[PDB]
Amino acid sequence: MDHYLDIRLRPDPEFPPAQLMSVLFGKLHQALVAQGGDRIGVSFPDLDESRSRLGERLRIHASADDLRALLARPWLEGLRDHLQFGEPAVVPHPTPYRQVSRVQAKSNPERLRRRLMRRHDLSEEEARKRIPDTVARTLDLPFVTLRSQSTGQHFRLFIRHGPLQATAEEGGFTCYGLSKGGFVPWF
RNA sequence: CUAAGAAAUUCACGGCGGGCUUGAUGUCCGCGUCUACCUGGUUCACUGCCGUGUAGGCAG
């Protein structure tokens, strides 16, 4: 995508940057389900891979009209006193490219216990011997917190910036703005 | 290069029999505990779906 917009978290004593970036991510999720499409990307240039910290910035990549329409919508209403805006500008040249991949780990064996017991009609002890407790995976990835609306649960989405490439290919994005084959310019 | 250098304690055994500890008793007067703070600190790692799959993803 040719256009990027930077939003920076206004540093707040009342709330730490983790909650402000997660509620920005949640309202961006609501905005992207309200707008639809598969061609809206996100990126995080203040990523610190040593401490798995996302930083304070968010660069949303799309066209000019898409970002200009996303500025004048109520998905930022009630938030605009907690973040500073950029401007929709062209990506400079040249930049390396990378993806934004959500990596879900199977760190909870109870979901796998329920899955195997439901689809196979086995026993609890047969499933307990089938999968052990050592199937829990540990992630050193940055994460964000969101709240669900209809049936509610707070869950951490883990983001991974992939390896740097020289040329991106075609691909879509979710209603979350994460990579499904598409890439975002990294700068 | 050490008041260095060295060393086998050990065999066996019946402690028990008996007994009244008692009477008596006033704890007690008195007391200012106060003042002021965001339990959230991503830490609610969930719920379901596609997939034979535990391999891999998805949706909120």
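Description of the structure in this document.

Rules behind the numbers
- Residues numbered from 1 in each chain as written, not as in the entry; some residues may be left out.
- Chains lettered and ligands numbered in written order.
- Part of a larger assembly, values for the part shown.
- Heavy atoms only, no water.
- Residues with missing side-chain atoms left out of burial classes, pairs and counts.
- Helix = DSSP H or I, 4+ residues; strand = E, 2+ residues; numbered from the N terminus.
- Expected span 1.5 Å × (residues − 1).
- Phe/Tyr/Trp six-rings, centres within 6.5 Å; stacked < 30°, edge-to-face > 60°.
- Buried < 20%, exposed > 50% of the residue type's maximum accessible area, 1.4 Å probe, protein only.
- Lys NZ or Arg CZ within 6 Å of the ring centre and 35° of its normal.
- Near = heavy atom within 4 Å.
- Polar contact = N/O pair within 3.5 Å; in protein donor to acceptor, adjacent residues only side chain to side chain.
- Nonpolar A, V, L, I, M, F, W, Y, C, P; charged D, E, K, R; others polar.

With that settled, consider helix α1 (residues 17–35). The end-to-end C-alpha separation of α1 is 26 Å, in line with the 27 Å expected for 19 residues at 1.5 Å each. Following α1 by one or two positions, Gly-36 adopts a phi angle in the positive range, close to 75°.

Turning to the packing of aromatic side chains, a few remarks are in order. Overall, the coordinates contain three aromatic pairs when judged by the stated rule. A centroid spacing of 6.1 Å and a plane angle of 55° characterise the contact between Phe-25 and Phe-44, whose relative ring orientation is tilted. One end of the pair, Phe-25, is in helix α1; the other, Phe-44, is in the loop between β2 (41–43) and β3 (57–62), and 19 residues separate them in sequence. Neither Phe-25 nor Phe-44 differs from the other in exposure class; each is buried. Ring centres 5.6 Å apart and planes at 50° place the aromatic pair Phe-143 and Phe-158 in the tilted group. Here the residue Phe-143 occupies a position in strand β8 (residues 143–147), and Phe-158 occupies one in strand β9 (residues 154–161), the gap between them amounting to 15 residues. Judged by its relative accessible area of 35%, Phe-143 falls in the partly exposed class. For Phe-158, a relative accessible area of 14% corresponds to the buried category. Note that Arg-59 overlies the ring of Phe-187, its terminal NZ or CZ placed 4.2 Å from the centroid. In this arrangement the basic side chain of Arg-156 is found over the ring face of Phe-143, its NZ or CZ atom lying 3.8 Å from the centre.

This brings us to the protein's contact with RNA strand B. Lining the immediate surroundings of RNA strand B are 26 residues, of which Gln-19, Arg-114, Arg-115, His-154 and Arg-156 lie closest. In RNA strand B, atoms within 4 Å of the protein come 48% from sugar and phosphate. Side-chain polar atom of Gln-19 to a phosphate oxygen of RNA strand B: 2.8 Å apart, as the coordinates give it. Contact between RNA strand B and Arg-156: a base nitrogen at 2.8 Å from a side-chain N or O atom of the residue. Per-element tally for the surface near RNA strand B: the top contributor is helix α3 (residues 109–120), with five residues. Each residue belonging to the surface near RNA strand B can be placed in one class, and the counts come to ten nonpolar, nine polar and seven charged.

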